[PDB]
Each structure stands twice: as C-alpha cells, then as structure tokens.
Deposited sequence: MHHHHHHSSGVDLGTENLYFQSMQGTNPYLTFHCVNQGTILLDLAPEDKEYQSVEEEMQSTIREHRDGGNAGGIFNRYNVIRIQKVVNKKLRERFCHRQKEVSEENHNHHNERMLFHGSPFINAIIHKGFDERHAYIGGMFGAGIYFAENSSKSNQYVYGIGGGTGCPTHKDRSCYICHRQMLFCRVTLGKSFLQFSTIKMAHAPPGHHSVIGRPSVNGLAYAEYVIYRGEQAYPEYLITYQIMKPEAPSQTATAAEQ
C-alpha cells in the first residue's frame, strides 16, 4: 500500500521541489528532440510517496552503506524520468530494469537536472512520445517525474564511457561527466520521495 499526499502550492516543501525542478532546466545537444522544446514547466501537482516496505528497504540499505563509508550515507536529491513511474511508486526501483544502453553501464540513472530526466518520461530517446498524440513535445498530456532520495555512499567519479555492471570495489555508486549522471546498481539505494505532475510549456 502506497499513499500519495498532496503538497499545497503555498507549502515551503512544494516551493522547494518546484524551484529545484524549474532552476535545473538546461539546453540539450539534441535540440529537444527527446523531451521537447520548453524553457519552463507548468507544475500541476507535487505528491509525497509513502510506502512502509519501500522506506524499510531504503533505510536498511542506508545503514549498510554508512557502515562501509565511515558512518556517511551521502544522500542526494536527484531527478528520475521513466515510463515505469507507476511500478516505481508501488514496487520501488529495480536494478533488474537497469538501463543497459547507458554510458556508465547497466545501472539506474538519476539526473541533477530535471530537463535530462524529462527525456526519459516516454522512454529511451523520448520513445514514441505521449501515448495519445504520439508527440515527444506534447504540451497537452500531463507528464510525471520523480525527485528522489539517492544513497550514493562512496561515489566513483568516471569520465570515460567505461560500461560497468556493478560499482567498483569499495564504492556504492558511479558519477559520470564528459551534465553529471548518477548511477546506482541497487534499487534500494533510491526512494521515490516526490511524484511531480507537470506539462512542458510552449514558448510564446
């Protein structure tokens, strides 16, 4: 049982999440082919995801990661876009659904930028876009993304395109740069904290 609690737009928590979502928009070298063309989002609602079993898996793993990393779990708030967003908020993140085609190997990817996670809301390369109008830049259909708690532990900073199946010895994640891509190889190293419902906006 998952419970979705609506945050009020007047709430400082809602405002912090939207600020983070809006302010991390950047330009992509694909000219918005995957996510669409926009400079801003229209945030419809923001919901806190509550699930006892998911919180327990996450908290149990944070404890293990801190023991291995001098009592530091090194948690970050990172974005995630997926066409499996409903399965995440009910069953959690699953490394058995790792992104094989990723630059840093078969892991679960998170972005520091909401605009990067938006390219994956309809699948790899933006897929076929919105189910209704098969448009990767649909401004009508409501999209969804997550703003997650990510247990990075001891991160391994990678610069090359070395594909890894697991984190290097002694490490709990991979940070990749040429923006930054965060990779985790265990589903229980991320909690889907907030479910953001939004639209991409057509510039005037």
List in ascending order the stretches of the deposited sequence, numbered from 1, that lack C-alpha coordinates. 1-37, 216-221, 248-258
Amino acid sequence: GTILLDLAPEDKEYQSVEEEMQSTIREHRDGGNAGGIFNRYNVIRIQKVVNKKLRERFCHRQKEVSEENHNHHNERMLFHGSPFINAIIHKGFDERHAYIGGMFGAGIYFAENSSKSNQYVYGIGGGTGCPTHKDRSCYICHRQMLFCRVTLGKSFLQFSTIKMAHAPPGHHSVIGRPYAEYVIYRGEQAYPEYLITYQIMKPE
From here on, numbers count along this sequence of modelled residues.
Would you say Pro169 is commonly dropped, meaning unmodelled in a third or more of the other compared entries that have residues on each side of it? no
Look at the other compared PDB entries that model both sides of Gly32, then say whether a third or more of them leave it out. no
Return whichever of 30-38 and 151-159 has the greater mean Cα B factor according to the PDB record. 30-38
Greater mean Cα temperature factor according to the PDB record, 86-94 or 122-130: 122-130
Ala180, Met21, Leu195, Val183, ranked by C-alpha B-factor: the highest one: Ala180
Out of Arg57, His70, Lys48, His171, whose C-alpha atom has the biggest B factor in the entry? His70
Comparing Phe79 with the other modelled residues of its chain, is its CA B-factor in the lowest, middle or highest third? lowest
Lowest, middle or highest third of the chain for the C-alpha temperature factor of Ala111? middle
When the modelled residues of the chain are sorted by Cα temperature factor, does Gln189 land in the lowest, middle or highest third? lowest
Could you place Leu146 in the lowest, middle or highest third of its chain by Cα temperature factor, using the values in the record? lowest
